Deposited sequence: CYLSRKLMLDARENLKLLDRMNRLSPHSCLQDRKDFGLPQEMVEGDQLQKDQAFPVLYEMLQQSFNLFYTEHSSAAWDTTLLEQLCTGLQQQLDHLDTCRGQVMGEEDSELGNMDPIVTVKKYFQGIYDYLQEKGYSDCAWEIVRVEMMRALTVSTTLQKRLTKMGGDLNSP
């Protein structure tokens, strides 16, 4: 796709924004353990067809955007980083769509459902969110490695 390189630059910039916001997080929440069962497997061995890679990456990003959009819907009044991250994720989704013309996808949807359920069971607390954003650094990292495969 003519946006291959642009897509990798979108990913790198979203990862940068998410890392910076996590590092500036005003909370000293406890690193107290937590596992979200991210199917890292997908891109760790490239165990999927290209026609399967694309829909899985698109789902990862759409869900990532929905989640940060929801965080934004309730974050502090001027969290400019969160806004930029949402904007950068939407931009990446738009580029992937320009490039356009279920089991693994279901596995992604379950992973993200476990995220919302965790947020729900914690009443969307400030620390429930810091924990989820650190997990999101993992989800965005694996989806970036997958995007590379579709690219390279």
item: Parts of the chain sequence, as deposited, that carry no C-alpha coordinates in this structure; value: 102 to 113, 165 to 172
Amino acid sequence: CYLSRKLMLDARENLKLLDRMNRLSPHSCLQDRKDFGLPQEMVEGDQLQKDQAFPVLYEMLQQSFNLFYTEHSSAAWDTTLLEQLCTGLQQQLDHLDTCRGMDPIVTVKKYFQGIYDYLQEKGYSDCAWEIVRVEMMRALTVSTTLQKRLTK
From here on, numbers count along this sequence of modelled residues.
property	result
Residue range whose averaged C-alpha B-factor is higher in the record, 4 to 12 or 143 to 151	143 to 151
Residue stretch of maximal mean CA temperature factor, 19 to 27 vs 131 to 139	19 to 27
Selection by C-alpha B-factor (highest) of 94, 83, 59, 51	51
Candidate residues 106, 99, 89, 115, the one whose C-alpha B factor the record puts highest	106
Entry-reported Cα temperature factor of residue 119, expressed as the chain third it lands in	middle
Chain-relative CA temperature factor third for residue 47	highest
Cα B factor band for residue 69 (lowest, middle or highest third within the chain)	middle
